[PDB]
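Worksheet: the structure to be examined is printed underneath.
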Amino acid sequence: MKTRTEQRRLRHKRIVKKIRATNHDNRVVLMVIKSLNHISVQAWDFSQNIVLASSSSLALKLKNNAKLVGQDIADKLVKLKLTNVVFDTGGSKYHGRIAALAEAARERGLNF
Amino acid sequence: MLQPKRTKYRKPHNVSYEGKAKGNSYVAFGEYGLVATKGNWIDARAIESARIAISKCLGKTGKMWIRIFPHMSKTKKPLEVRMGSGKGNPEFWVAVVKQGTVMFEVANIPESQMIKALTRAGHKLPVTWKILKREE
Amino acid sequence: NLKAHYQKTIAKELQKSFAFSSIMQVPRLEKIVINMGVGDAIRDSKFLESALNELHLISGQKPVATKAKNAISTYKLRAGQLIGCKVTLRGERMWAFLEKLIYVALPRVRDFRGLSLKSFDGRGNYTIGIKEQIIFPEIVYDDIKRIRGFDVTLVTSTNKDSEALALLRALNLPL
Amino acid sequence: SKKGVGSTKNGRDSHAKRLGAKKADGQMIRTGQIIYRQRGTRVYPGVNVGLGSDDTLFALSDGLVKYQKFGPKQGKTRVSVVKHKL
Amino acid sequence: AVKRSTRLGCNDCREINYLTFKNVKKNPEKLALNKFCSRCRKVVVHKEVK
RNA sequence: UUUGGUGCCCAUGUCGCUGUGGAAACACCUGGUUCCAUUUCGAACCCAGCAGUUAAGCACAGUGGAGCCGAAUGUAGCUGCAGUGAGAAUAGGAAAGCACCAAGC
RNA sequence: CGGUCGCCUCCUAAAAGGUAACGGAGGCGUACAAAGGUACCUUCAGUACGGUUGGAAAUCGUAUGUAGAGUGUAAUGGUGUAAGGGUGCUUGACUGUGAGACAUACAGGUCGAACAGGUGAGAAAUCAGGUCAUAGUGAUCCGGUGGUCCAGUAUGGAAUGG
RNA sequence: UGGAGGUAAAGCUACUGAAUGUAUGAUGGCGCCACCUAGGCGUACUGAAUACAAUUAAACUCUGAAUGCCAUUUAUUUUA
Ligand SMILES: [Mg+2]
Ligand SMILES: [Mg+2]
Ligand SMILES: [Mg+2]
Ligand SMILES: [Mg+2]
Ligand SMILES: [Mg+2]
Ligand SMILES: [Zn+2]
């Protein structure tokens, strides 16, 4: 019935609804999007609905064990001195590639 | 006798007819219709008398459409009883008729015969009747 | 495997039969389900275990039993009391358990002459009913005190039923 | 003489809890005040407002209070609190 | 009325701390939870008391 | 500027019908041996690979079919016979719109 | 004589809130160790075509539909990716408190940010002080039961009280 | 000046009950023949479902005012 992508968008809507209702501090949310070919990340600063930084395989990288999209975004955010975020798995599951991204993000000066 | 087969709530609020005929303003099925110039309550018995008058004088050629219907019930406390201590049982059903509702209407029979049929009808109803014709 | 014959010939065959020029506009057979409807478990005749075991025997899929989603007082089945059983088998199992019917089972039926003239849904599905499970080879004579049949379906990835005709004809089914 | 009646069977009712709106627009409120009392969410909690398990709309920070329209046919009502120029 | 309530007491110090409700007619088992005990200052197993 | 992602908006955003395109991307797809998983199953979740695909999803052009929206006049109610003004009905609109980010431009 | 005597929901109740009558309809004197709390996944009933036992109606797959389904229960309100259905883990169905409000004659009732202790779920943010909300209950006195960094009619205890 | 609301009014293929007609006519009942069961024939009638036209409602609502209300702005007044 569903198209495996509208369904993922729906799970993401669920997650963003919980976040937008619960986030009492102004913590910047860290959205990760998982595609069959590779992966991308962007850090939506809510309460203004603009984007602060981003990363992807298309930073001259290969096809996503590519946790490198974690070290660079960690660097970009810590240059903005926020370092207190909340993670967002899109519609994915906190496992496999997403986990390898999140752990790399944590171990370079983030707090989430 | 016209009567709803079964109603939800047996004892409702009385509906004041002091208005200008929400709905049924104009004749809609026949060439001539009977209009009211003073709103009132006409029960099922009066609708029956009017219907049988129109049918008796109509002959076996034409058609009569009744527009109103005794949707609303009505109560009547039994006699020689003090007031209070409940609400009396429902007795008779009545169709609310606002001022200017085309309630009866006839078709397919000469002009003068229809006018006479309507006059023979409106003398059973309490409402001060009037004759209207279909527009075009 | 029957899948071998399909991926060897059928794609080209049905690609040329209908002017498509898209290698996978050809219909693809997607899943097969098996249901029996073990309703003789009013409360507990054998509590469905015989059905589960035999359906496990016929197919490599582990059987699963469905719970009633309704309440019926006409029988002793209301708001629970799982009845029946269900297999949804695919992969190599889908292609193989299919031919294992058509090449083993249907010649062993009481009378296998013809069907499928009117059994299509009209949206690309098909069904087969069997009146007794004793006919199939993956079973011994011993069974439940009653012998029941099967309900199997063929659902493909096309909605126009004539395409299902074409696919099942290309796969040599008894029409 | 007298007459026979009785058994009304409909002389009962309940206390009317005073559910409704307590802070209209424009009001300066402090955290903890209840804005709206209701049975079921006739008003949704927006931003800087919380919902107490009595489905009670109550504030969480200082600021002006605003009602708003949203929903599939612009028929649902949100309530929210805006911080001052801090 | 129906006296359906019951009382939980800690086992180490045997006070009668907690109060709750349990319907005997269905689950005859004696409740054994583990909750905060003010005397013991920690989460201790509480079991039912008459 | 076009493609993809996504938040805000809640149908003038839909539902559908006819065609056009897929370098980069988005999906399909190919396998399931690994982390992980099905009330059972690599359907799905999750991995690791891009031979083939514009079929389907996605986008783009046209579509006034249903659904949706709906002006003015006039009227009903109102509140001290003038201002207030709906509902229903109608002409008619309508094939969405607002931002930020990555690419080649 | 009869009926009623507290509490809960709708209408009457006149588009804030309130608002009487022997006015119109109906319910309660609870239920659940999961129907609580949390993470994760999933989202109608019905109808039509198609299928052995199998029938109007069990189940099976397919589409269609925009809620007529579900929501422990009365009615109302709210809720279709939810507050509904399934699963794993637990017991926050915590202790000590409480700024600020609601509605109130008094008594009482209701909501609750935030703080300390020590926990559960979870990668984490977060959530959790009983359930989707609204009833589900009864003062004081007297006496009993369990604990005690209280007193103990001169003193030490005890009885008796707190 | 902004806002909660669901009344008056209006409306009912926008649901719930009630409910008028014309067209299509199912469910059936009167007969009716075969056949002893699976069934056919036209139905003066009850009307499933739908279309078209037209209706009613304190406990009906896709819609919906004015007055009144709450708070706030500005002017003036009162120390209640
Ligand atoms: Mg729950
Ligand atoms: Mg509950
Ligand atoms: Mg409850
Ligand atoms: Mg002494
Ligand atoms: Mg009215
Ligand atoms: Zn203890």
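Only the coordinates and a few stated rules stand behind these numbers; no lab work does. No Cβ is skipped: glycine too gets one built from the backbone with ideal geometry, and neighbour counts run over all protein chains shown.
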Tell me the Kirkwood hydrodynamic radius of the protein assembly as shown in angstroms, computed as one over the mean inverse distance between distinct C-alpha pairs. 35.0
Can you pull the Kirkwood radius for segment A:18-112, inverse mean 1/r over Cα pairs, to one decimal in Å? 13.4
Three principal axis lengths of chain C [C-alpha, angstrom, descending]: 56, 35, 28
Set of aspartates and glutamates near E:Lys26 by C-alpha distance (under 18 Å), chain-local residues within fewer than 8 positions excluded: E:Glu48
Please list, in order along segment C:48-53, the HN-Hα scalar couplings obtained from phi with the Karplus expression 6.51 cos²θ - 1.76 cosθ + 1.60 (θ = phi - 60°), rounded to whole Hz, x for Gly and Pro. 6, 5, 4, 4, 4, 5
In the protein assembly as shown, with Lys and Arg counted as +1 and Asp and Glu as -1 at Cβ, which of these residues, C:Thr158, C:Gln61, B:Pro70, has the Cα nearest the positive end of the dipole, that is, farthest along it? B:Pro70
Take chain D, connect every pair of alpha-carbon atoms lying under 10 Å apart with a spring to form a Gaussian network, then pick out the residue of D:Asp54, D:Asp13, D:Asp62 with the largest mean-square fluctuation. D:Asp13
Grab the DSSP H runs of chain B that are 4 residues or longer, score each as -39,500 (n - 2.57), total them, divide by all residues and round the 222 nm result to the nearest 500 deg cm²/dmol. -6500 deg cm²/dmol
Of C:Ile102, C:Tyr141, A:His38, which is farthest on the positive side of the dipole of the protein assembly as shown, counting Cα position, with +1 on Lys and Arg Cβ, -1 on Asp and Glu Cβ, and the Cα centre as origin? A:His38
Based solely on its DSSP helices, what 222 nm [θ] is calculated for chain A when runs of n ≥ 4 H residues each add -39,500 (n - 2.57) and the sum is averaged over all residues, nearest 500 deg cm²/dmol? -10500 deg cm²/dmol
Suppose every K and R has +1 on its Cβ and every D and E has -1 on its Cβ; what is the size of the dipole of the protein assembly as shown about the Cα centre, in Debye to the nearest 20? 2460
For segment A:67-81, in order, what is each residue's ³J(HN,Hα) by Karplus, 6.51 cos²θ - 1.76 cosθ + 1.60 with θ = phi - 60°, in whole Hz (x at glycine and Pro)? 6, 4, 6, x, 4, 5, 5, 4, 4, 5, 6, 5, 6, 9, 6
Rg to Rh quotient for chain D, alpha carbon positions, Kirkwood Rh: 1.33
Averaged over C:16-26, number of beta-carbon atoms from partner chains that fall within 10 Å: 0
What are the residues whose amide H is under 5 Å from the amide H of C:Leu77, where those residues sit 5 or more places off or on another chain and H is modelled from the backbone? C:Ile72
Hey, what do the phi angles of segment B:68-85 turn into as Karplus ³J(HN,Hα) couplings, whole Hz, using 6.51/-1.76/1.60 and θ = phi - 60°, x for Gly and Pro? 7, 7, x, 5, 8, 7, 5, 10, 7, 4, x, 7, 6, 9, 4, 8, x, 6
So how strong a dipole does chain C carry about its Cα centre when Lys and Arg Cβ are +1 and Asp and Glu Cβ are -1, to the nearest 20 debye? 320
Taking amide H atoms as placed 1.01 Å from N in the peptide plane, list the residues 5 or more away in sequence, or in a different chain, whose amide H sits under 5 Å from that of E:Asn34. E:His46
Pairwise over distinct Cα atoms, reciprocal of the mean inverse distance: report the Kirkwood radius of chain B in Å, one decimal place. 16.0
Neighbour counts of other C-beta atoms within 10 Å: give me E:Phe21, B:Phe92 arranged from fewest to most. E:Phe21, B:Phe92
Sequence-distant residues sharing a close amide H with A:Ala53 (under 5 Å, placed H): A:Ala43
Principal axis box of segment A:28-83, alpha-carbon based, largest edge first, Å: 33, 20, 15
Given charges at Cβ of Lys, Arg, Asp, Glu: segment A:18-112 dipole, positive-most of A:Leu82, A:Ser55, A:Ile98: A:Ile98
Mean projected area (nm²) from the convex hull of Cα positions in chain E is 3.6
MRE, 222 nm, helices only [DSSP H, n ≥ 4, -39500 (n - 2.57), over chain C, to nearest 500]: -6500 deg cm²/dmol
Taking Cα centroids, how far is chain E from segment B:35-112 in Å? 72
Would you order B:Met72, A:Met31 from fewest to most other beta-carbon atoms within 10 Å of each residue's own beta-carbon? B:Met72, A:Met31
